[PDB]
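S.K.: Provided hereafter are the protein sequence and its experimental coordinates.
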Amino acid sequence: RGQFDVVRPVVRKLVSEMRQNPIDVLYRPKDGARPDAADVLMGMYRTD
Amino acid sequence: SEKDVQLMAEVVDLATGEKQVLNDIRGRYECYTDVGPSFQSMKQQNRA
């Protein structure tokens, strides 16, 4: 039973792009509110 | 109805509350409606 599989090197490539670009929490502050609580919420996030 | 610093109550943020709340202008319009760059805070809008 043969194989060629153009399927997997494309899936492997598409995954590896998002591996090198991970997305975590940032907590930008709301409308009319300047940064204050932004470091408080990220303070507990970055420790654990 | 001005912009100048307060001299009666808090007029920095104030709106019609009357003697009983939940009343507002019958003609609800204030702006030309336009869309373009979308933001989810005033702060994010200031950066761009």
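M.R.: Cool, got the structure. Residues are numbered from 1 along each chain as shown, chains lettered A, B, ... in the order given.
S.K.: near chain A, which residues of chain B?
M.R.: B:40, B:41, B:42, B:43, B:44 (Cβ under 8 Å from any Cβ of the partner chain). Yep, even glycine has a C-beta here, placed from its N, CA and C like the rest.
S.K.: before we move on, what SS does the fourth one have?
M.R.: Put plainly, it is residue B:43. Here residue B:43 is helix, with the state taken from DSSP: H, G, I helix; E, B strand; the rest coil.
S.K.: ok, it - contacts?
M.R.: Applying Cβ atoms under 8 Å, 6 or more residues apart in numbering or on different chains to residue B:43 gives the contacts A:28, A:29, A:30, A:31, A:33, A:34, A:35.
S.K.: swap in the third one?
M.R.: For residue B:42, the contacting residues are A:31, A:32, by Cβ under 8 Å, 6+ apart.
S.K.: ok, now the second one?
M.R.: The contact partners of residue B:41, taken as Cβ under 8 Å, 6+ apart, are A:28, A:29, A:30, A:31, A:33.
S.K.: of those, which ones also sit close to chain B?
M.R.: Among these, the residues lying close to chain B (Cβ under 8 Å from any Cβ) are A:28, A:29, A:30, A:31, A:33.
S.K.: ok, and the most crowded of the contacts of residue B:41?
M.R.: Counting neighbours by other Cβ atoms under 10 Å in any protein chain shown, the top entry in those is residue A:29, with 16 neighbours.
S.K.: gap between that one and residue B:25?
M.R.: The gap separating residue A:29 from residue B:25 is 30 Å, by Cβ to Cβ, to the nearest Å.
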